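A single chain comes next, written as structure tokens; it is the form deposited in one PDB entry.
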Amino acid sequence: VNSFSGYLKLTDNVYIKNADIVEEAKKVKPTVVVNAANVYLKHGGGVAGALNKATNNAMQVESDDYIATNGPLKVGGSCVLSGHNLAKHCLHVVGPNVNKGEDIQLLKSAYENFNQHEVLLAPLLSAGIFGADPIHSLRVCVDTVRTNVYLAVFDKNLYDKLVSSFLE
């Protein structure tokens, strides 16, 4: 149904809300939720852990089966697997982990994966355990994504700082 509500329109195609992505997925029934994935699709932490827990581990079971046959993703890459109870599809996107020395330039590649989907519910890529500057990630999103992206930011402080930064 893609019933997004209460987002702040930043650009013609980028929207943001102070919200929990799992609660958004349940409320909105999106066609596509983006996972903040790693290359092995091991969803024990970060947003991936929240989405996997909300699927009662179905996402992890499917991901384990996928990797054993298909091999890992690349940093800046993606795959489309089931959305389980959260969405029709899950776009697993690997942003660079700058806490582990990966090239922040790959954040552009990471966001280019969104352009294959008309509308997405997504987290800010390379935030949290991936260590990237969230203000920078929002700028790469705005400059790279052409399709409609609805960003959910959990932390009110960080949301407020992102909106302030973007309106400068």
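Each form is matched to the other, and the largest set of C-alpha atoms that superpose within 1.5 Å is called the rigid core. In case it trips you up, residue 1 is the first one in the sequence shown, and so on.
Novice: Once the rigid core is lined up, would you tell me whether 134-142 or 97-105 has the higher RMS CA deviation in 9 other deposited structures of this protein?
Specialist: The more displaced stretch in 9 other deposited structures of this protein turns out to be 97-105.
Novice: Root mean square C-alpha distance from this form after a core fit in 9 other deposited structures of this protein: higher for 43-51 or for 111-119?
Specialist: Comparing 111-119 with 43-51, the one that moves more in 9 other deposited structures of this protein is 43-51.
Novice: Quick check: 15-23 versus 154-162, which has the larger average CA B-factor in the record?
Specialist: Mean B over CA atoms: larger for 154-162.
Novice: In the PDB record, does 96-104 or 109-117 carry the higher mean Cα temperature factor?
Specialist: Higher mean C-alpha B-factor in the PDB entry: 96-104.
Novice: Mind checking which third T55 falls in for C-alpha B-factor across the chain?
Specialist: Middle third, going by the recorded CA B-factors of the chain.
Novice: What third of its chain's C-alpha B-factors does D133 belong to: lowest, middle or highest?
Specialist: Highest third.
Novice: Ranked by Cα temperature factor within the chain, is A37 in the lowest third, the middle third or the highest third?
Specialist: Its C-alpha B-factor belongs to the lowest third of this chain's values.
Novice: Per the entry's values, where does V47 land by CA temperature factor relative to the rest of its chain, in the lowest, middle or highest third?
Specialist: For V47, the deposited C-alpha B-factor lands in the middle third.
Novice: Please rank the C-alpha B-factors of the chain's modelled residues and tell me whether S78 sits in the lowest, middle or highest third.
Specialist: Ranked within chain, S78 CA B lands in the lowest tercile.
One more form of this protein should be noted, the form solved in complex with a small molecule, which is absent from this view; the next part is about it.
Novice: Only one of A37, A110, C141, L120 has a non-hydrogen atom within 4.5 angstroms of the small molecule in the bound PDB entry; which is it?
Specialist: It is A37 that has a heavy atom within 4.5 Å of the partner.
Novice: Does the small molecule come within 4.5 Å of any heavy atom of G44 in the bound PDB entry?
Specialist: So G44 counts as contacting the small molecule.
Novice: If you check in the bound PDB entry, is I129 within 4.5 Å of the small molecule, heavy atoms only?
Specialist: Contact with the small molecule, yes.
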